[PDB]
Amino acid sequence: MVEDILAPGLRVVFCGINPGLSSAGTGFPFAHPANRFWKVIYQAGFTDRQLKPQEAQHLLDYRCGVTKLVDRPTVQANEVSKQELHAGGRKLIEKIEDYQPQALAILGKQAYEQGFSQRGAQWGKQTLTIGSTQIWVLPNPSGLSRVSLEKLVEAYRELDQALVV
C-alpha cells in the first residue's frame, strides 16, 4: 500500500493513476528510478533539490502533496479500468474538499477525463474547479511516455509559476 502525502495549506497536490509494482513494495510514490517525477518537480521549481522516493514526506515542507486515483498496484497505468478510475475520482474529490489545496494536478490526460468524466480535455489548466482549488492536467512522468523531459519540465513549470504568492 502507498500512503498519501496530504496536509492543509498545500499549494499543489500531485495525483497519479495507481502505484507501480516497485512503488507498491517500497511504500513510496513514484519509487521506480525510471519515473521522471522527482527530477521534473525539482527542475520545474517545486523543490530545491531532487528528492529520493524515500524523502517523499518532506514534500509537505515545500507545501506539495501526492496521492493517486486507484490504489491497486500495476505494471502499466492502462490496466486500471475506467470503472476504477471513475470511482477513484469521486474519492479524490473528497480529499480535495478536505485538504483544500490551491491546485489539484492530475498526471494523466486520460486519467483526468475518466476520473472526472470529461471529454476532449486539453493539457494545462481546466475551467473545472473544486471550490477554491483549481485543476490542472499534466503529462505523466513515466519513462513509458514518449514525452521528453524538456517538455515534461515546462508543463510543470507553467503550473509552478501559475501559482503565485
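The first residue of the sequence shown is number 1, and the count goes up from there.
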Quiz item: In at least one third of the other PDB entries compared, is residue 83 left unmodelled?
Solution: no
Quiz item: So 83-91 or 70-78, which one's hotter by mean CA B-factor in the entry?
Solution: 70-78
Exercise. Look over 147-155 and 18-26 in the entry and identify the one with the greater average Cα temperature factor.
Key: 18-26
Quiz prompt | Most elevated Cα B-factor in the entry, residues 134, 140, 43, 118 | solution = 118
Practice problem: Determine which member of 97, 61, 48, 55 has the highest CA B-factor, using the values in the deposited entry. | Solution: 55
Quiz prompt | residue 107 - Cα temperature factor, lowest/middle/highest third of chain | solution = middle
